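Only one structure is covered here, and it is reproduced in the block below.
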Amino acid sequence: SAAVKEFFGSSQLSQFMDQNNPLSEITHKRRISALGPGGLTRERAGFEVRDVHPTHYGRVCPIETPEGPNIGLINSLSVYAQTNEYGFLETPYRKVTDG
Amino acid sequence: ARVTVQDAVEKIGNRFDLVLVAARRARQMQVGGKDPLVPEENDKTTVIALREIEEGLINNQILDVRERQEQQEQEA
Amino acid sequence: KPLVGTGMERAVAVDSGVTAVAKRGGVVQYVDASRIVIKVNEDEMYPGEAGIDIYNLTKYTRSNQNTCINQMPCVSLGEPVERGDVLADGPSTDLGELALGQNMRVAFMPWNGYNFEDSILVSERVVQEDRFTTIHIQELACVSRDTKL
Amino acid sequence: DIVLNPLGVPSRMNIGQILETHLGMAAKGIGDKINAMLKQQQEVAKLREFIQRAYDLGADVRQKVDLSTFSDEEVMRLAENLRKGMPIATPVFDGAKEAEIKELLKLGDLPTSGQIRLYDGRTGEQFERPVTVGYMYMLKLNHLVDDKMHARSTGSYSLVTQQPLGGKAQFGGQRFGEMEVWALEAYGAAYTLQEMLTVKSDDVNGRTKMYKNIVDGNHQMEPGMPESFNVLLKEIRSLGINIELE
Amino acid sequence: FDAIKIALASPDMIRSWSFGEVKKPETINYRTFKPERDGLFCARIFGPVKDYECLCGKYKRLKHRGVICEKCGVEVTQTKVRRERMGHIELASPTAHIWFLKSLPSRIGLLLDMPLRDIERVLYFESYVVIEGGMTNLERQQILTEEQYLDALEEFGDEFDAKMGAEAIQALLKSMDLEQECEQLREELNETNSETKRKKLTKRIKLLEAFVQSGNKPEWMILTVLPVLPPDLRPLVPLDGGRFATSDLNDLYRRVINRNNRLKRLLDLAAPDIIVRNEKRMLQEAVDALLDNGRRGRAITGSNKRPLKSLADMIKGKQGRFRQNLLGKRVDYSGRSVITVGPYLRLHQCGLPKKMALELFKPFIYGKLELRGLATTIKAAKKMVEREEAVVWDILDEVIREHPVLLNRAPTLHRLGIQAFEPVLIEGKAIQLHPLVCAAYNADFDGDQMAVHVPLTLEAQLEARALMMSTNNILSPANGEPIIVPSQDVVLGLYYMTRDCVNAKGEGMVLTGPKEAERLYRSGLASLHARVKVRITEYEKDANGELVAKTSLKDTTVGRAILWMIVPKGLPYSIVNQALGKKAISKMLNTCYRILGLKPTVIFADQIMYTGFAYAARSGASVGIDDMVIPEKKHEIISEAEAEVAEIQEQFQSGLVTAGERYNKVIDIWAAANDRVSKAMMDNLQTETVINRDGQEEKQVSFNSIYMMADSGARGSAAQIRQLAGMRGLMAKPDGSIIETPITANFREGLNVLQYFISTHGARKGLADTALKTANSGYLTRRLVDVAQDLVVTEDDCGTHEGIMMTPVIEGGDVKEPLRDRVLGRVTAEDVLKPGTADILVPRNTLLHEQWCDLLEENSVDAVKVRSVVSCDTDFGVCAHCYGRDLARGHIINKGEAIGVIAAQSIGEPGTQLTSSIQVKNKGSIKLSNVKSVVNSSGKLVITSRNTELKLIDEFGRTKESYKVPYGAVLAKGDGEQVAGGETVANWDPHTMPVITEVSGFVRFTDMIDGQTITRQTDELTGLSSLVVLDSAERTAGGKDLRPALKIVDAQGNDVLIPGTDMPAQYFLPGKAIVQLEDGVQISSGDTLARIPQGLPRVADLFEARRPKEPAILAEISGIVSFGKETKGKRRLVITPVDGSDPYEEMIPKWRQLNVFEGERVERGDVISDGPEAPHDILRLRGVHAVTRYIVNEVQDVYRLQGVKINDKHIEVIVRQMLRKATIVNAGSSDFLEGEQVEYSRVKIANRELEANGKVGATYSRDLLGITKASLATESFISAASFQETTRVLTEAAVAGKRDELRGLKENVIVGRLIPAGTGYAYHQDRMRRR
RNA sequence: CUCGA
DNA sequence: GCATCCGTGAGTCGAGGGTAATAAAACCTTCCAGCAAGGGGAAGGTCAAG
DNA sequence: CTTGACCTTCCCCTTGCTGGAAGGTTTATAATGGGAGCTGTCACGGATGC
Ligand SMILES: [Mg+2]
Ligand SMILES: [Zn+2]
Ligand SMILES: [Zn+2]
């Protein structure tokens, strides 16, 4: 009960909820942070991690991010993007059978 | 000498002497009680000093002479 | 409502859990400003129930950003309701559509410098007709502790 | 209701707001045509003759809505909710082209260019050029001005350093950081710099003398060493490094 | 006081500070909250708890002023003394101070001459050390092991004495002699002859001399008495909820006291050695966990799993007392609100809310309410403000008027970032600002906030009216251009008011004056655009002081007549008769300021803002979707590019072209296809065909609503209209490579799905670049201010007769910086004269201003010698005449202005904005310099030297073009020939570096052996080859010593002469020396023998003076060059002078490029390799005037390319601040090779070798230092300790006994005193003189 | 830590 | 002398939230307070005549 | 201005204990070497160690 209440209530990922909209409530839960334990920080991240990789198409949105110091680190999950059973990001497509 | 201080600084010579001279003169009317020379026309004691300077009535030599004569008058 | 939307206003209002959606379908039996009583249709009932769902709307409360939360009903007395409809629009909803701000007349012209560098000049009929007046709810607390004296 | 500024478009290239303005003007033109046809109280077969003509004006539109299967009472409830303006959907990268906006503006008797001839309010003359007028969905924002304004004369000094606190809810003064100390050194205003270090912030026998001088009616500086310097002396002297004055 | 001294602390000094020995680790009691006896908070030692009360309460009530109670020992005084009384702890064993141990250098092994790796085996109880050995088998400080001590104890008995621990190092420092080792090192320093040791022995000698000069003793490095901070700087305060809240020094102190008491108990139990040796180690660990936590081993953690903040973590970084609580404080009488625009104001006014000025001016309101008798006391005057009565808002209007108030906006980049306005009173909650000062603040009204600071006194209230008022700052201190240049809306109004249509509703009429042109416009009878004939009366004041009127009929519009009721008297009508874009308005305001003064310019800049807002509102300039016009020939160009790319694609699908050719062909056929559309949309936008007075078709410049915002310079350029009609050019993926297919769709037609995803790489790159650029651009400004903080104008003139020489930059093509603004403002050094070399036109020292500089522009002068800041002769500040012109006001600078803060803010502010053949261009004459040349075989000229540069002169004298030309080029012309624009004058190969023989005679292939010294290669295609030699590493390693010297001789064999001198000519062989023309051939001059083949961090690299990775080396002295020893990776070369000292050698690695060969001559300071040069070698070999000219022509190519104008004088200030420490090479006054100031080594020769004795000699050499290092080597150590490395700066200045003096103006900000610049500088002389 | 310039 | 190893830097100004975890037992000693209802007295403050 | 009579609060005192606080001293089967935390920055300058 110390460890569980420490995580739910003092971590860098258990943050306060923005509740001044129906929109701002729903886009705070589909937010993919990259900071926290076992990750980066805001003083040791260059131009390479904050860039739009060409495999971001359809999984993580390119034009929905903060613009402060953590510009590329706080990402945002796309519309149709699901999470795999392992944890990777899959996105739907339609099959093309003989044209 | 309310909007700009271009008329006053061309008599004393530089801004850092104008500030010290006007700050010396503006305290003789605050607590010393000496009367101003220019008509007041509803102004604080700063702009009256900055207007006394720009009409040639207050300088550093005049402010030294005008108090040394009154210290000699206090000696008598 | 927004006059020019993208059709995605309908999905964000329902799935955000801020409106009151009907689990079963039927006819509305009684509408108050606090509760809504709905009579279930016949085929959408379970064989050991009484067949009335009662929704209790939440009136003026406090959010985390100290703004209002208030659910008004949007149906009338005695009208049919299907499954998955929107019975009570929340704070920024309007007949189940997400609606954050209000729309008004806009002209693009420089007017005597009062809109100089991304400034906005607002007419008085925006102030008069209560278009942008929000409601904030604060919370003040006075705690009487025990001193040694 | 709002007079915005037109010099913000070419420097930033957000030409979405001009098209949203024209489409909002078309939507409210249709919504005022329906309001005029309801205020005359004409028929119900006239509303089905017009609202049906308003609901198919694309080229290959996805939705197909016909008001033949609508009963003669549901059309009145539908046109009662379109009195404030016909709502228009425009998906993200499947948008409405520039020909469709002109084909929609001609339905409600509006100018094709989207710009009208505005008259002035004060002088009563009319402007030379036509002026763009339409509808833009304006939001409010949480950065209200009642929660930003703050002022403080005196109160609630800190414990160790004896310089005032920080925060609007804490009732503290703003920070005169070294970016401003350089800017006051560059002006040469040394008397404003001597005041904003000792007698305003950090002295203990300096503030309560300046307050009596100001209330008494005599603006006279009374200096003294800051309290943050002879805490630095005690924290250097505790390292076994003898530091003094002369 | 006037000086701060700092030194080591004896235990007698710490006992003299102390008030009582702390003995127990207890802090307070748990039931009552009282301090305990002999604790860390004790009332006996540190003073009472409440005012004038003891602990027991036996004495109170101020009657007992200074008695001491007999029960509790508490001295009855104020509780204020708990912040000033210290205590001490008597350590049961000596322990080492961590600052004097583990700083770098070690400072305790620097004295003992022992490594730190050997000292730490003795501080930890791991290995013994020998203090003294009676039998000299064991030397001094010879470290024994644990088991070797058992052999040495039995072999000698008790003849030696070895110890282990901190007392061993204490008895080692105690038993040394400084006066033996000082003279021993001073005699062996001038016996040995080396460079690698004399840079260390000088430091040890200077440390040993500084110890006996400061008066310290080396035993005080080891603590024996540890002092305790007063108990009100580490407090223990109860919070609201009953939980206490302590600082963390009460944990480290409690650990020291606990382990010290346990060591006192263990030494009386007669414990074994494994326990006491561990306990002393733990006491030492607990001491240096208090002094500086994370240095010894693992950092000490508290209960939060966080490192505890020690004493050294309280003065360093961005959270110390220095950088957060001393240089910048939190101030009273302050405010904060959202800013809003209001155009009804004047230039010196600002809005203010009522509910803000009621709170800022509260004691002034009390002082005014008590004077008028409206309230009898302050406690009855506060209620009149709490009720907000009627008489308060009429007293506030008397308090506020003629009382200025500052307005700061963060970040305060430059000097104009804080200004003082005259307040008015508006209702609401937003500071209303004037719309013209937003260019200085860089404030956009989109939620910005500004801070409001009030001046209190009567001196500060006069420093906001005459020094910081906004009507005084209308010129930038960066450059003489105005800073109240009008912004977007007013310049669009002024552009729309001054235009002309063709028909325009009543053109061609004639008018009387401008006052009958407003009456025509207002009634509607004539449009704002027209073409009329009005009759104006302009005033020209070329009569000296007097204004001459003159009247003439001008052909102009109506709007240019209706504007001319605003322009003041002295200006002419040719300033409003143009189209009046953005540059013309600032040019008009600059002309008005230079001609007429300051008092008309403020009124003019206010009326321009009042008029530009009005006549832009009457127009109506709206953007519609019909304004962005697609060019009708757009789909054709894109279809043609799609046709032309398929040809290269099908040529790649078969085998005709490679991939790297196709990838460049596609880019080269898309770039021209993009420009063919960018031309078409702009040629469609700017032309509108209107009906003339007849039925005609005349075209004019257009009245499109989006072209007028681009043409007038209000908002946007032509690069952003291309993204609205033409195509988006070529996006780039973040690898850096350009994507092949472009974004063929613009923002009107709307992008695609993939074209919008491709367009996000560039936007995210440019948006994540600004978040990481501003950190470096705000760190460079901090590093720049803290170097040039103390450079104030001190004297008025010194006679120095020297200074750098100006020249317009002439690189590559046209001139980029003309002489008219480069020399402007500085005084002259020597009396420069007309090109007819007499008739001195300007005297020796006159201020080159306007009406003097265009007089130079009329004549053909080209190089004026000016005084400069890098050559001033005064001490601790520069002259007024050696500086130049105060760029803000416009006169000579006044004695008292701090220069270097203005220069540092002016450089560091726009850093966030930063990120073959010779073909002449025109017709002129040709000049060359330092040229040796012979004619060729065909009748043209060749060049046989390195320093030659082709300089095109014009017909009058100024160099229009300056072209480099390498060694061994074959010209087409001769020296001094008339040329034609576009002709080729030099022809030489880009890839090879030939070695053309100058001698007109036969050749012979002498001194070459094929196989052992050289190689052989036959031309497999032609056959015209000869005897070649291989490269450095590829050749035979048997004959690298036998130099193949092709000695050219005639058919007889006689040594042919060099042209003009007796010595014979040879042509030696480096690697790749492939000769072509065969043996025994006759050649002339001009005949080839061989052809051997081959942003902002730049500013931060220049000012740090970092040596680059591949430095272009230079020759030290003049002489002839031959290679000496052989290649052990690096073969030497000697520089043997013809007239000097032979044996100077050097060491060249990496044999890529050798611009000199093994028989050619050099000078001092030329090229040997190629590439970038280090700024140290420019100072060492060339003069000081070649470093301060290298930087201001290199950092001025970063700001110029980006389009940022910065005057060149602001860079020479910090270049003067760099080369400030100067090392001596001779002696006679102080020492041999120590690095002193150049200011102290100049005052010595101004005292010693004039009248005391003869030239005893103090000849020095200047030294260049980076800006991170020229501030950590100043005199006043407080100006260095607040910058960086507070531990090293405070440690280095505590064993030396350094004495501060409070010279600069960053130590007077700390101690709360008047800075010695500005208004404080006049007062400071009355303190300096009477002392 | 999230947000604003 | 030169590859390698370690120390010290890395923009400013404002909002809001916060302010926690758990660990022997029997024996002895001295000293102080309190409690069932007052009594006693000492160092200061008022009253009513004279 | 004077004298005795009355007031005030406050500190100490009366038995037959009892309750509590703060400190010190032992206890005997056999127990014999810790564990938490760090890895996703870059660029120098300059000690240092064969
Ligand atoms: Mg802004
Ligand atoms: Zn006492
Ligand atoms: Zn000089």
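A note on labels: chains of the structure tokens are A, B, ... as shown, every chain counts residues from 1, and ligands are counted from 1 in their shown order.
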>> Give me, as number ranges by chain, the set of residues whose atoms come within 10 Å of any atom of ligand 1, counting only C-alpha atoms (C1' of nucleotides) and all ligand atoms.
In response: C: 117-118; E: 339, 442-449; F: 4-5
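The residues of chain C that DSSP assigns to alpha helix (DSSP H) on this backbone come out as residues 9, 10, 11, 12, 13, 14, 15, 125, 126, 127 and 128 of chain C.
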> Quick one: residues within 10 Å of residue 1 in chain F, only C-alpha atoms (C1' of nucleotides) counted, chain neighbours fewer than 2 positions away excluded, as a VMD selection string?
Replying inline: (chain A and resid 11 to 16 36) or (chain G and resid 17)
> What is the CA of residue 77 in chain C-CA of residue 46 in chain C distance in Å, reported with one decimal?
Replying inline: 24.8 Å
>> Please extract the residues of range 32-114 of chain C with a backbone DSSP assignment of strand (DSSP E or B) and present them as an NGL selection string.
In response: :C and (35-40 or 52-56 or 61-62 or 67-69 or 72-73 or 80-81 or 86-89 or 93-94 or 97-98 or 102-108)
> Within 9 Å of ligand 3, counting only C-alpha atoms (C1' of nucleotides) and all ligand atoms: which residues, as a PyMOL selection string?
Replying inline: chain E and resi 795-800+867-869+871-874+878-883
>> Please find the residues contacting ligand 2 at a distance of at most 12 Å between atoms, with only C-alpha atoms (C1' of nucleotides) and all ligand atoms counted, and report them as an NGL selection string.
In response: :E and (43-44 or 47-50 or 52-60 or 64 or 66-77)
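With CA of residue 1010 in chain E on one side and CA of residue 1031 in chain E on the other, the separation reads 14.2 Å.
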Between chain A and chain H, at 7 Å or less, what are the per-residue closest atom pairs and their distances in Å? Count only C-alpha atoms (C1' of nucleotides), order by chain and rising residue number, and return it as a Markdown table.
```
| residue | atom | partner | partner_atom | distance |
| --- | --- | --- | --- | --- |
| A:39 | CA | H:40 | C1' | 6.8 |
| A:40 | CA | H:40 | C1' | 5.8 |
| A:44 | CA | H:41 | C1' | 4.9 |
| A:45 | CA | H:41 | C1' | 6.9 |
```
> Which neighbours of range 28-41 of chain G fall inside 8 Å, counting only C-alpha atoms (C1' of nucleotides), when residues of the same chain fewer than 5 positions from it are skipped, and could you give them as a VMD selection string?
Replying inline: chain H and resid 13 24 to 25
For the selection you just gave me, I'd like the residues written to a file as a JSON list (two decimals), in the first residue's frame, keeping N, CA and C atoms (P, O5', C5', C4', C3', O3' and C1' of nucleotides).
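Now in part-v4.json:
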```json
[["chain", "number", "residue", "atom", "x", "y", "z"],
["H", 13, "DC", "P", 6.76, 25.93, 50.96],
["H", 13, "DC", "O5'", 5.46, 25.39, 51.73],
["H", 13, "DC", "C5'", 5.12, 25.94, 52.99],
["H", 13, "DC", "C4'", 3.76, 25.44, 53.45],
["H", 13, "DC", "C3'", 3.51, 23.96, 53.25],
["H", 13, "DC", "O3'", 3.96, 23.22, 54.38],
["H", 13, "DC", "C1'", 1.55, 25.32, 52.82],
["H", 24, "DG", "P", 21.00, 7.82, 30.97],
["H", 24, "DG", "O5'", 20.95, 6.59, 32.00],
["H", 24, "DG", "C5'", 21.39, 6.76, 33.34],
["H", 24, "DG", "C4'", 21.44, 5.42, 34.05],
["H", 24, "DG", "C3'", 22.18, 4.33, 33.29],
["H", 24, "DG", "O3'", 23.08, 3.64, 34.15],
["H", 24, "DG", "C1'", 20.00, 3.59, 33.86],
["H", 25, "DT", "P", 24.13, 2.60, 33.53],
["H", 25, "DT", "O5'", 23.45, 1.18, 33.77],
["H", 25, "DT", "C5'", 23.23, 0.73, 35.10],
["H", 25, "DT", "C4'", 22.63, -0.66, 35.11],
["H", 25, "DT", "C3'", 23.30, -1.66, 34.17],
["H", 25, "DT", "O3'", 23.61, -2.86, 34.87],
["H", 25, "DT", "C1'", 20.96, -1.65, 33.84]]
```
Please list as a short mmCIF file (atom, residue, chain, number, x, y, z; two decimals) with C-alpha atoms, in the first residue's frame every residue within 12 Å of residue 892 in chain E, counting only C-alpha atoms (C1' of nucleotides) and excluding residues in the same chain fewer than 2 positions away.
```cif
data_model
loop_
_atom_site.label_atom_id
_atom_site.label_comp_id
_atom_site.auth_asym_id
_atom_site.auth_seq_id
_atom_site.Cartn_x
_atom_site.Cartn_y
_atom_site.Cartn_z
CA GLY B 13 26.18 69.61 -20.65
CA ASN B 14 25.45 65.94 -19.96
CA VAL E 793 34.61 55.68 -20.23
CA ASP E 796 38.44 62.43 -22.19
CA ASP E 797 41.56 62.24 -24.37
CA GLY E 825 31.06 58.22 -35.99
CA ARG E 826 34.69 57.52 -35.13
CA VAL E 827 37.33 60.20 -34.81
CA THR E 846 37.65 65.38 -35.69
CA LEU E 847 34.38 63.52 -35.26
CA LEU E 848 33.45 62.06 -38.64
CA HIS E 849 29.71 62.75 -38.77
CA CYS E 879 39.01 57.53 -23.59
CA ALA E 880 35.98 59.37 -24.85
CA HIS E 881 37.73 60.26 -28.10
CA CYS E 882 39.15 56.76 -28.57
CA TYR E 883 35.63 55.32 -28.44
CA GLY E 884 33.82 57.48 -30.96
CA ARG E 885 30.18 58.53 -31.06
CA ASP E 886 27.42 57.59 -28.64
CA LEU E 887 25.10 55.79 -31.04
CA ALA E 888 21.96 56.39 -28.98
CA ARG E 889 22.04 60.16 -28.53
CA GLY E 890 24.20 61.19 -31.47
CA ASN E 894 30.06 61.24 -21.99
CA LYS E 895 32.55 60.27 -19.30
CA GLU E 897 28.67 55.59 -19.53
#
```
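The list of residues with at least one atom within 12 Å of residue 143 in chain C, based on only C-alpha atoms (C1' of nucleotides) and without residues fewer than 3 positions apart in the same chain, reads residues 140 and 146 of chain C; 240 and 241 of chain E.
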> Which residues of chain C are close to chain D, meaning at most 10 Å apart when you count only C-alpha atoms, and how do they look as a ChimeraX atom specification?
Replying inline: /C:1-9,65,67,99-111,113-126,132-134
Selected residues, C-alpha atoms, written as a short mmCIF file (atom, residue, chain, number, x, y, z; two decimals), in the first residue's frame, please.
```
data_model
loop_
_atom_site.label_atom_id
_atom_site.label_comp_id
_atom_site.auth_asym_id
_atom_site.auth_seq_id
_atom_site.Cartn_x
_atom_site.Cartn_y
_atom_site.Cartn_z
CA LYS C 1 -23.46 24.51 -32.47
CA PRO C 2 -20.64 25.20 -34.93
CA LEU C 3 -21.86 26.13 -38.38
CA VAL C 4 -18.80 24.68 -40.15
CA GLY C 5 -17.74 21.38 -38.60
CA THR C 6 -16.00 18.25 -39.80
CA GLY C 7 -18.57 15.63 -38.79
CA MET C 8 -16.27 14.50 -35.95
CA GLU C 9 -18.25 16.58 -33.45
CA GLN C 65 -9.93 24.00 -13.54
CA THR C 67 -15.23 25.81 -14.19
CA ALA C 99 -19.72 22.87 -29.22
CA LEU C 100 -16.88 24.73 -27.54
CA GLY C 101 -17.44 28.36 -28.50
CA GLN C 102 -20.02 30.55 -30.21
CA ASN C 103 -20.12 31.88 -33.76
CA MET C 104 -20.59 35.53 -34.70
CA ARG C 105 -20.15 38.08 -37.47
CA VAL C 106 -16.56 38.82 -38.49
CA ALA C 107 -15.15 41.50 -40.80
CA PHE C 108 -11.52 41.65 -41.92
CA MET C 109 -10.51 45.32 -41.93
CA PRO C 110 -8.15 47.57 -39.95
CA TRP C 111 -10.25 49.84 -37.71
CA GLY C 113 -5.58 50.75 -34.78
CA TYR C 114 -7.73 49.03 -32.16
CA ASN C 115 -6.92 45.72 -33.85
CA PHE C 116 -3.21 46.37 -34.31
CA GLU C 117 -1.09 43.24 -33.75
CA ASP C 118 -3.51 40.30 -33.46
CA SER C 119 -5.94 42.31 -31.39
CA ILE C 120 -9.71 41.90 -31.49
CA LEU C 121 -12.33 44.66 -31.45
CA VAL C 122 -15.60 43.37 -29.98
CA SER C 123 -19.01 44.98 -30.43
CA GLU C 124 -21.34 45.54 -27.49
CA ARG C 125 -23.99 43.01 -28.57
CA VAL C 126 -21.59 40.23 -27.63
CA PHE C 132 -19.37 34.65 -23.73
CA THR C 133 -20.18 34.95 -20.01
CA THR C 134 -18.81 31.86 -18.28
#
```
>> So that I can check the surroundings of residue 5 in chain B, please list as a count of residues only every protein, DNA and RNA residue that reaches within 12 Å of it, counting only C-alpha atoms (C1' of nucleotides) and ignoring chain neighbours fewer than 2 positions away.
In response: 35
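Between CA of residue 121 in chain D and CA of residue 127 in chain C there is a distance of 18.6 Å.
The list of chain A residues within 12 Å of chain D is residues 18, 19, 20 and 21 of chain A; this uses only C-alpha atoms.
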Residues just named, written with N, CA, C and O atoms as a PDB file, in the first residue's frame:
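Listed below is the output, out.pdb:
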```pdb
ATOM      1  N   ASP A  18      -6.945  17.767 -17.056  1.00  0.00           N
ATOM      2  CA  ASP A  18      -7.511  18.997 -17.595  1.00  0.00           C
ATOM      3  C   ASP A  18      -8.986  18.755 -17.895  1.00  0.00           C
ATOM      4  O   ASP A  18      -9.322  17.971 -18.784  1.00  0.00           O
ATOM      5  N   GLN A  19      -9.867  19.438 -17.170  1.00  0.00           N
ATOM      6  CA  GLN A  19     -11.292  19.139 -17.209  1.00  0.00           C
ATOM      7  C   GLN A  19     -12.130  20.342 -17.625  1.00  0.00           C
ATOM      8  O   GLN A  19     -13.286  20.461 -17.224  1.00  0.00           O
ATOM      9  N   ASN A  20     -11.577  21.253 -18.422  1.00  0.00           N
ATOM     10  CA  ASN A  20     -12.332  22.432 -18.829  1.00  0.00           C
ATOM     11  C   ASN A  20     -12.953  22.280 -20.210  1.00  0.00           C
ATOM     12  O   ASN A  20     -13.235  23.285 -20.863  1.00  0.00           O
ATOM     13  N   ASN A  21     -13.205  21.048 -20.645  1.00  0.00           N
ATOM     14  CA  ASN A  21     -13.865  20.737 -21.907  1.00  0.00           C
ATOM     15  C   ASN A  21     -14.324  19.286 -21.920  1.00  0.00           C
ATOM     16  O   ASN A  21     -13.966  18.517 -21.023  1.00  0.00           O
TER      17      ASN A  21
END
```
Cut-off 12 Å: closest chain D/chain B atom pairs per residue, using only C-alpha atoms, as a tab-separated table:
```
residue	atom	partner	partner_atom	distance
D:187	CA	B:16	CA	10.5
D:188	CA	B:16	CA	8.2
D:189	CA	B:16	CA	8.7
D:190	CA	B:16	CA	10.1
D:191	CA	B:19	CA	10.1
D:213	CA	B:31	CA	11.1
D:214	CA	B:30	CA	11.8
D:216	CA	B:31	CA	10.3
D:217	CA	B:30	CA	8.1
D:218	CA	B:31	CA	6.7
D:219	CA	B:30	CA	8.4
D:220	CA	B:27	CA	8.7
D:221	CA	B:23	CA	11.7
```
> Could you write out as a PyMOL selection string the residues of chain E within 6 Å of chain D, counting only C-alpha atoms?
Replying inline: chain E and resi 1+3-9+227+233+327-337+356+360+363+367+412+415+457-458+460+463+618-620+622+715-716+901-902+1312+1314+1317-1320
